[PDB]
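One structure is given here, and the rest of the page talks about it.
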Amino acid sequence: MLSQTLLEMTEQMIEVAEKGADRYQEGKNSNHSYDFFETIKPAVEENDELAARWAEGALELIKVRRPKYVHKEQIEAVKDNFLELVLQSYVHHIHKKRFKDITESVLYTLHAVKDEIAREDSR
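Numbering-wise (the entry's author numbering), the sequence shown opens with residue 1 and increments by one.
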């Protein structure tokens, strides 16, 4: 197992963010039928655990090294905002600009973390 765990976690979160953004982006053109219970019940748990675990690791990394490009508040914010991002993506409680703004802030932060993770380089 040669795995960059904390990096892969971040890469995964980047995909989920773009997936949620893409979901809302297209969601209007194609007939999109879904139910808020079956596939979304576990999906919440995954992201809930994911964000909690990621934050713990990221917070550790920036304590060992030092947040140069990433902002600590942003790490703490992305964790929480990401959960609401996934929520608003499917429930459509979001309007327009804030959805892409949060996604942009998440992508921004994740890109910064991704750099500093590889900037230390894992063994």
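Note that the Cβ used here is the ideal one computed from N, Cα and C, for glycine as well.
Asked	Found
Just curious, the alpha helix (DSSP H) that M9 is in, first and last residue?	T5 to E26
Ends of the alpha helix (DSSP H) at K72?	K72 to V91
Just verifying my parser: in three-state terms, what is the DSSP assignment at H111?	helix
Measuring CB to CB, does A52 end up less than 8 Å from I75?	no
Report the rounded CA-to-CA distance for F36 versus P42, giving the unit in angstroms.	11 Å
Does the Cβ of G20 have 16 or more other Cβ atoms within 10 Å, making it buried, or fewer, making it exposed?	buried
Taking 7 Å as the cut-off, is the C-beta of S122 nearer than that to any heavy atom in the ligand ADP?	With respect to small molecules bound, the structure shown includes none, and the ligand ADP cannot be examined in it.
Per DSSP, what kind of secondary structure is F99 in: helix, strand or coil?	helix
Tell me whether the region 87-102 and the region 61-72 touch, counting them as touching only if at least three CB pairs, one residue from each stretch, are closer than 8 Å.	no
Locate the alpha helix (DSSP H) running through residue 125, then write down its first and last residues.	Residue coverage of the chain in this structure runs from 1 to 123, which leaves residue 125 outside it and unanswerable.
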